[PDB]
Amino acid sequence: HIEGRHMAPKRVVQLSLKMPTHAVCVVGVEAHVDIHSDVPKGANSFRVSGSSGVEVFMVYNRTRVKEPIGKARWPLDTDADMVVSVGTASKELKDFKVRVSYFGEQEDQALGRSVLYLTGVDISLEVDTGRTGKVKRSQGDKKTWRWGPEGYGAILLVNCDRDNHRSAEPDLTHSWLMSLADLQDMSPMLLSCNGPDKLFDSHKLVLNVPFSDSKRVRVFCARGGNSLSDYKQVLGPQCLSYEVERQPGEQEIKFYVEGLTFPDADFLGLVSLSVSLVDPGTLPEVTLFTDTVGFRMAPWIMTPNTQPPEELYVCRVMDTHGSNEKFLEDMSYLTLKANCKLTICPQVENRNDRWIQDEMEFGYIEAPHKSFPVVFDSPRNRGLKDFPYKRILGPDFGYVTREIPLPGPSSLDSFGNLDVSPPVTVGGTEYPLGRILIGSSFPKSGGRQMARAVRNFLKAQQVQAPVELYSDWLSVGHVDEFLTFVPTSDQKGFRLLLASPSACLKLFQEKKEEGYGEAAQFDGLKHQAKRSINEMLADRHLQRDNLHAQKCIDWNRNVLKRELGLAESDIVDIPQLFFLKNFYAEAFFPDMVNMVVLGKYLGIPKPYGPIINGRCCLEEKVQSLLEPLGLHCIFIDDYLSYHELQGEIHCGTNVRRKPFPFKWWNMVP
Ligand SMILES: [Ca+2]
Ligand SMILES: [Ca+2]
Ligand SMILES: [Ca+2]
Ligand SMILES: [Ca+2]
């Protein structure tokens with residue numbers, strides 16, 4: 001005795017021995033007919049035959065056992081029902097026939113007959129279902145989505161880009177079509193309406209989207225034909241329904257669908273669209289049939305450093321009494337060996353904001369095919385605020401962002417704190433697109449990534465599925481300081497680079513073990529006080545700093561090894577020394593771990609360490625650690641224009657990379 005339920009309408013066709021009755025039916029859908037409606041003259045049972053292409057079944061009042069009626073006389077008391085099915089689309093109104101004749105024993109033959117005419121219709125909302133090509137035909141009713149190589153329901157791109165140079169904003173925001181090319185960013189939906197036109201003049205087709213999903217999708221259709229001006233928006237944010245304009249000869253109508261919103265805390269990615277069929281000659285109005293399809297918003301995906309470089313971004317900034325042009329030339333040199341485009345953001349756009357790693361994260365979106373990259377513009381909002389929205393966003397490039405309450409952003413909101421791992425299979429559960437890595441304060445306290453918004457947005461994608469690291473011990477507090485990845489021919493393969501104070505102290509002591517002992521730091525050049533190998537080691541302040549730092553990096557090591565399914569062969573420890581200011585960790589010398597990775601070419605900040613027999617020993621320690629993997633180590637001076645400001649090469653650059661060959665829809669999150 002449940003209180004209340006939304007329950008499906010029941011259309012039951014009445015019969016008359018006096019007058020023939022007519023009925024509408026959609027192909028492949030049962031038509032409930034009432035044989036008990038008019039029963040003649042104390043008749044004992046019945047016989048019903050119909051034709052042609054008509055099927056008649058009896059269904060006991062449980063959910064199961066269609067039992068087809070033969071030529072055999074059926075008792076008039078059964079568990080009550082009759083169902084008729086029309087196999088094709090009717091060429092003319094009332095061209096299917098079904099006749100019922102009632103019997104008795106109590107003969108000769110029928111004591112009366114009831115006549116029922118049927119009009120067959122084909123109503124199917126169809127989308128792209130096996131992922132290829134164009135829309136496909138599923139009835140065959142299946143689930144709206146399934147996650148494997150298995151097969152599922154449809155995919156939809158969130159449309160953000162300007163294939164339009166008329167407007168400053170992505171086509172997402174507009175209620176009318178602008179470019180024709182914008183249609184290439186949209187998913188096809190075919191509405192099959194097949195039958196007599198005289199039928200459609202009474203019963204009407206209506207196309208709906210739920211209010212929940214109203215603002216997440218736009219649906220366009222061309223009534224006119226095949227010209228930019230003929231496209232109207234049939235469904236949108238404030239339009240929940242479309243009364244289909246169907247001209248008599250046209251039995252299949254094409255629709256175009258575009259996603260308004262990426263998956264978020266409020267949205268799990270599933271959007272449902274409906275084509276119903278109603279009979280307006282009725283109040284209450286009846287809906288005779290409904291077909292519902294579904295879409296899945298293509299998630300935002302990140303590319304790890306192990307991916308091949310395409311375009312590197314560095315901004316020309318100058319001042320503190322100087323210029324970074326030299327660094328820019330180093331970067332040109334370095335980029336054009338890797339064969340990748342080098343984009344230099346001039347000074348007038350960046351307002352001397354040199355960190356282009358923090359402002360945005362490069363990513364991509366993908367459909368059966370249309371695949372184009374998307375920028376995630378950070379809430380950071382300092383000197384680069386307008387760069388992604390103005391400079392980047394364009395015909396094939398996307399824009400997405402999340403704004404922030406007060407008083408955000410914090411430093412943890414900078415996207416240098418947002419990274420992602422190379423593809424990794426862990427404990428039987430595989431992550432082909434990698435795993436997102438964001439820094440936070442140690443669990444059980446402190447400032448998080450100051451956007452609960454971007455966090456929500458990142459875990460919502462349900463793909464790479466972010467793990468949280470501990471960056472807060474660092475003054476700037478980005479994961480890119482102590483962490484990175486490099487590509488390798490073996491094994492998985494790739495290797496994770498961790499900052500290792502203990503390894504650095506180790507190196508210095510083992511070279512103190514040789515004559516070698518007093519070669520100093522910041523040797524290469526200087527206005528800044530030289531210092532040694534042995535009062536490193538003799539000083540214990542800095543080693544409190546470095547043992548603490550190494551401890552924190554050890555914690556992050558346990559987390560990373562656990563979550564990414566890593567073994568010590570995967571990890572490589574790059575020597576790095578830190579120091580403490582106001583309880584927070586800065587870098588003692590430029591941070592080598594923070595570096596730009598382009599293929600086997602690694603742009604690295606140049607530490608100035610002990611000079612022993614012609615070389616910086618730290619540099620060559622690194623070379624000995626890396627080069628055997630095939631990685632050529634290039635050392636670039638970032639010192640005055642970057643390190644002085646507590647940032648390094650990777651942090652002063654931003655790299656867009658080639659999307660994964662693997663297709664996100666083929667994994668199982
Ligand atoms: Ca577009
Ligand atoms: Ca911004
Ligand atoms: Ca496009
Ligand atoms: Ca990053």
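For this coordinate set, the PDB header names X-ray crystallography as the determination method and states a resolution of 3.198 Å.

### With respect to the overall build of the chain
Looking only at helices and strands, the chain features 10 helices and 40 strands. Computed over its C-alpha atoms, the radius of gyration of the chain comes to 34 Å, more than 25% above the 26 Å expected for a compact globule of 669 residues. A sequence separation of at least 24 residues applies to 71% of the contacts in the chain between residues at least 6 apart.

### A look at the domain arrangement of the chain
By a widely used convention, the size of an interface equals the accessible area lost when the partners come together. Once the domains are mapped, the chain shows domain 1 (1-126), domain 2 (127-297) and domain 3 (298-669). Just the C-alpha atoms count here: the centres of domain 1 and domain 3 sit 71 Å apart.

### With respect to the coordination of the calcium ion (ligand 2)
Tetrahedral metal sites with four donors have an ideal angle of 109.5 degrees; octahedral sites with six donors have ideal angles of 90 or 180 degrees. At 2.5 to 3.0 Å from the calcium ion (ligand 2) lie its protein donor atoms, namely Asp377 (OD), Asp377 (OD), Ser378 (O) and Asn381 (OD1). All donors of the calcium ion (ligand 2) belong to a single chain; written as a sequence motif, their spacing is D-S-x2-N. We classify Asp377 as buried; its relative accessible area is 3%. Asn381 gets classed as partly exposed once you look at its relative accessible area, which sits at 45%.

### Quick notes on the coordination of the calcium ion (ligand 4)
Around the calcium ion (ligand 4), the protein contributes the donor atoms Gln357 (OE1), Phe415 (O) and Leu418 (O), at 2.3 to 2.6 Å from the metal centre. Look at where the donors of the calcium ion (ligand 4) fall in the sequence and you get Q-x57-F-x2-L. Grouping residues by exposure puts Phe415 and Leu418 together as buried.

### Considering the UniProt feature "binding site: Ca(2+) 3" in the chain
UniProt records the feature "binding site: Ca(2+) 3" for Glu359, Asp377, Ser378 and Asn381 in the present numbering. Across 23 residues of sequence, these annotated residues stay compact in space, with a maximum C-alpha separation of 9.1 Å. Looking at where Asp377 falls in the secondary structure, it is placed in strand β23 (residues 371-377). Aside from chain neighbours lying at most four places away, what touches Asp377 is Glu359, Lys385, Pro388, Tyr399, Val400, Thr401, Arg402 and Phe415. Checked against the element boundaries, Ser378 lands in the loop between β23 and α4 (387-392). Beyond its immediate chain neighbours, meaning those up to four positions away, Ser378 contacts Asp358, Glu359, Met360, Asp413 and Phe415.

### Comments concerning the sheet that holds β23
The strand order across the open sheet built from four strands is β19-β22-β23-β24, with neighbouring strands paired in mixed fashion. The open sheet has two edge strands, β19 (301-302) and β24 (398-401), and neither has a second partner. In this structure, β19 lies alongside strand β22 (residues 360-366), joined through two bridges in antiparallel fashion. Within β22, the position partnered with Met302 by the bridge is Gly363.

### Observations regarding the packing of helix α6 (residues 501-512) against helix α9 (residues 617-626)
The geometry of α6 relative to α9 is characterised by a closest axis approach of 11 Å and an angle of 115° between their N-to-C directions. By the angle between their directions, the pair α6 and α9 is classed as roughly perpendicular. Remark: the crossing between α6 and α9 carries right-handed chirality. Contact with α6, carried on its side by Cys504, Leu507, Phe508, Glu510 and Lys511, involves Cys617, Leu618 and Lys621 of α9 and no other residues of that element.

### Notes on the layout of surface pockets
Reported here for the largest pocket is a volume of approximately 680 Å³. In terms of lining, the largest pocket is formed by 25 residues, of which the most central are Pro9, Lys10, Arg11, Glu30 and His32. Among the secondary structure elements, those contributing two or more residues to the lining of the largest pocket are β1 (21-26) and β18 (286-297). The biggest single contributor to the lining of the largest pocket is β18, with five residues.

### Description of the packing of α6 against helix α8 (residues 542-564)
Between α6 and α8, whose axes approach to 8 Å, the crossing angle comes to 135°. What the angle tells us is that α6 and α8 run oblique. Touching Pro501, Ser502 and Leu505 of α6 are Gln543, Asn546, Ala549, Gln550 and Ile553, all from α8. For the contact of α6 with α8, the residue count by class is four nonpolar, four polar and no charged.

The rules behind the values
Residues numbered from 1 in each chain as written, not as in the entry; some residues may be left out. Chains lettered and ligands numbered in written order. Heavy atoms only, no water. Residues with missing side-chain atoms left out of burial classes, pairs and counts. Helix = DSSP H or I, 4+ residues; strand = E, 2+ residues; numbered from the N terminus. Rg over C-alpha atoms; globule rule 2.2 N^0.38 Å. Contact = heavy atoms within 4.5 Å. Domains from an automatic or database assignment. Donors = N, O, S within 2.8 Å, 3.2 Å for Na, K, Ca; no water. Buried < 20%, exposed > 50% of the residue type's maximum accessible area, 1.4 Å probe, protein only. UniProt positions renumbered as here; feature names shortened; annotations may be inferred. Pairing = 2+ DSSP bridges. Axes fitted to C-alpha atoms, helices over the stretch in contact; angles between N-to-C directions. Parallel < 35°, antiparallel > 145°, perpendicular 65-115°, else oblique. Left-handed = near helix turned anticlockwise from the far one by under 90°. 1 Å grid on protein atoms, 1.4 Å probe; cavity = no way out; pocket = protein on both sides within 12 Å on 5 of 7 lines; lining within 4 Å. Points joined across faces, edges and corners; volume = space filled by probe spheres on them. Nonpolar A, V, L, I, M, F, W, Y, C, P; charged D, E, K, R; others polar.

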